[PDB]
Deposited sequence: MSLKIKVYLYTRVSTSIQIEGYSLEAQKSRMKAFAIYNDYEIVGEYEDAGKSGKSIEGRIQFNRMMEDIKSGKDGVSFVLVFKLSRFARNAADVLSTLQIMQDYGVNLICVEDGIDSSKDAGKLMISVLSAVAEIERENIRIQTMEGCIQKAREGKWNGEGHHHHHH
């Protein structure tokens, strides 16, 4: 059977968002079942620490386990991209490293599967260029302003 890892997270905290994590996980496990996948790892940044926005620790543990080939996984399943990456440049670099190491991405709710693609990479790269240029424009406007003060 095709081997997969499950990855789940909250954006803010478990207080605010925890309640829908288990509905996400159940959904992802059902999908695993219907597609005859074998789950060999589950990783979760559940927002259980006392800060406002959740970090990325288990996500980083997952990526080391991917790099190492430990479990021989073909996919990471996420609920959707916004429960995986913080912006387009993030989605892109993470996806590129994953595929470097033989691993594709399935977003269960979005219906996106990167192995059925390289159009996904082109769009993401194109949208990451939008974000970078927005940052340059903000920096340029900020230099104009610091120039009056």
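Coordinate coverage of the deposited sequence is interrupted at 1 to 3, 121 to 122, 155 to 167, where no C-alpha atom was modelled.
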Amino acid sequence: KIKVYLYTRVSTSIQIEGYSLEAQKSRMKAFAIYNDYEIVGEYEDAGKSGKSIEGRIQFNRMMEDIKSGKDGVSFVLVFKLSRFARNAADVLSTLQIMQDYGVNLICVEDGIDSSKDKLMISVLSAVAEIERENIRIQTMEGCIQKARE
From here on, numbers count along this sequence of modelled residues.
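The PDB entry reports B-factors from which the mean C-alpha value can be compared for 49 to 57 and 81 to 89; the larger average falls on 49 to 57. The stretch with the higher mean CA B factor, choosing between 136 to 144 and 123 to 131, is 136 to 144.
When all modelled residues of the chain are sorted by CA temperature factor, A30 is found within the lowest third. Among the modelled residues of its chain, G69 has a C-alpha B-factor that falls in the highest third according to the deposited record. Looking at the C-alpha B-factors along this chain, the one for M98 belongs to the middle third. Remark: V108 belongs to the middle third of its chain, ranked by C-alpha B-factor as recorded. When the CA B factors of the chain's modelled residues are split into thirds, the value for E44 lands in the lowest one.
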